[PDB]
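Just one chain follows, in the form deposited in one PDB entry, and it is written as structure tokens.
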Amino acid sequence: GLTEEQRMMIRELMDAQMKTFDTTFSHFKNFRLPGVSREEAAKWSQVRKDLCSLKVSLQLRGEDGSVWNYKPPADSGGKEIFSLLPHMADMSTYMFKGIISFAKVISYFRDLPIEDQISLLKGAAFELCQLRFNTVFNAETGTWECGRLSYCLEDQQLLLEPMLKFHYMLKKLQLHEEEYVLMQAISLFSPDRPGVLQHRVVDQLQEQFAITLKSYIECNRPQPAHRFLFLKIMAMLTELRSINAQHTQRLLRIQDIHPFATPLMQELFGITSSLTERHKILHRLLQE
């Protein structure tokens, strides 16, 4: 059995997840929709590879049963490849606000100095976003099922995209809600994000989330399908950190030649004195 502190810890994380993850996306509104020669050669070739890996069609089900479907242009060579970027920025921004609320509700996060709160969220927002997205990923259809919104991979050869491989591999672990939310906490409380000052405090917090996860698995996963599950999850978290870094770089290349990121995204990802001045939205959201 788990200890009382471990049971209480899982209860609090799960309560926070339920309060701050709009899994039906009911309150995601007012978003944008696609309308109805030197080193620049190499910059465009890269950004074209970057966006082609991120290629999905979009579905919007009306309350009535009606369905709008958007298929992106099939090409790659001009401003047509950027047509979903405003929408993607709005969705991402909505998800990031839910993750910021997730952190704020957690006692262990609330008590950190506000500058470390900023640094941890800068370091983890994309990671916790993928973890939440994975819970609504349908691996059979290659579709993220977001309430009335659906994102469907265009189309083996897609497993070559580390982002997509992550989602398929994580889904195959068949994790419980408790295990997702402990992955979120472990990634959130990463002691070695840039700018974090209380390394030792955050590190001791992370270690207790990891011990709670390992213990949860031991009490609830007797089957041989789940041998080494704890260590697989920890490896997946290390992979998520690498995919995080590849995205930060990917986003900056796209932003350079085609601005699209929202102000909160620019703050989270470093797009241009002290930590609190340079992140006024994050600072405001944390004081609320």
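So that the term is clear: the rigid core is the largest set of C-alpha atoms that superpose within 1.5 Å between two forms. In this text, residue numbers run from 1 along the sequence as written.
The same protein has a further form, the form solved in complex with a partner chain, not shown here; the description that follows concerns it.
Taking the partner from the other structure, its partner chain in the bound PDB entry has a heavy atom within 4.5 Å of a heavy atom of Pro263.
In the bound PDB entry, its partner chain sits within 4.5 Å of a heavy atom belonging to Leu121.
Contact annotation: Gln130 falls outside 4.5 Å of its partner chain in the bound PDB entry, judged by heavy atom distances. Taking the partner from elsewhere, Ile114 is found to have a heavy atom lying within 4.5 Å of its partner chain in the bound PDB entry. Every residue in the set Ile100, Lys104 and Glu267 has a non-hydrogen atom no more than 4.5 Å from its partner chain in the bound PDB entry. Only one entry in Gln249, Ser242, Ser26, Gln223 has its C-alpha moved by 2 angstroms or more between the shown form and the other one when the rigid core is superposed, and that entry is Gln223. Superposed on the core, the two forms differ at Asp75: its CA moves 2 Å or more between the shown form and the other one.
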